[PDB]
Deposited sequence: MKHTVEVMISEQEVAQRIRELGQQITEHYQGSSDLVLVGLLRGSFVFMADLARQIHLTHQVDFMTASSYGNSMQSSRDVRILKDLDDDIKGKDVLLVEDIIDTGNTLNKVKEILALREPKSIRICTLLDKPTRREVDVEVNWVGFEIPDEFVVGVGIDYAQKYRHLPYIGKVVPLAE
C-alpha cells in the first residue's frame, strides 16, 4: 500500500488559521476557555489550533473507549464547571463516541460545550451531534496524517493522506 496527499500540509495550516480566528472571535472576552482533546488522534490538530487561538485558555484531554458502552479510559485532569469547553476531534464519523462524551461532560455544568473537528465524514453519521467548527468535509476514505493513524502508523505525517493499494 501507499499514501497519497489528499490535503496538503499548507492547506491544513491555512484552514487551522481560519478556525483559530473564528474561535478567537467567538470566545472574545471569555477567560474560561478550555480545549479538550479526545485522545489519541486529536493531539496534533489540538497543538496547531491552540497556537492559532489568541486568547488565554487551558488544555485538557479525555480518552473515551469504543463493546457497546462509551467508557472513560482517562478522564480530564481539571474541573470544567462554569468553563467554556471546546471539544477537539481529529475526525467525526458516526458521532457515537463524541455524543456520549458531550453528554458526560454536560453533567459537570460547564458554562458551554462546543465541538471542533479537523475532518468530518458526514455520510458516516449515525447519531447527529452538533459540530460547531469543521476543518474539512471529506468522503469515507482511509485517511491518515495530522494525528490520524492507520494501524497505529502515519499519525506523524504533516499532510492528510489517503492510503491506497499500489501496483
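For this chain, the deposited residues without C-alpha positions form the stretches 1-2, 69-75, 177, given in sequence order.
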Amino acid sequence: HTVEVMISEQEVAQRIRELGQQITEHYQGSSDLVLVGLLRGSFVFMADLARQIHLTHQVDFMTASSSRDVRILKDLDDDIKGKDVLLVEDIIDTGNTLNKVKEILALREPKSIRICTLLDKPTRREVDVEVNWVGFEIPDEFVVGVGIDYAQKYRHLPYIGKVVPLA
From here on, numbers count along this sequence of modelled residues.
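The stretch 124-132 shows the higher mean C-alpha B-factor when 124-132 is compared against 102-110 in the entry. Per the deposited record, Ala151 carries the highest C-alpha B-factor of all listed residues (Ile148, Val12, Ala151, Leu19). In this PDB entry, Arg68 carries a Cα temperature factor that places it within the highest third of its chain's modelled residues.
In this PDB entry, the Cα temperature factor of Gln58 sits in the middle third of its chain's modelled residues.
Among all modelled residues in its chain, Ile138 ranks in the highest third by Cα B-factor.
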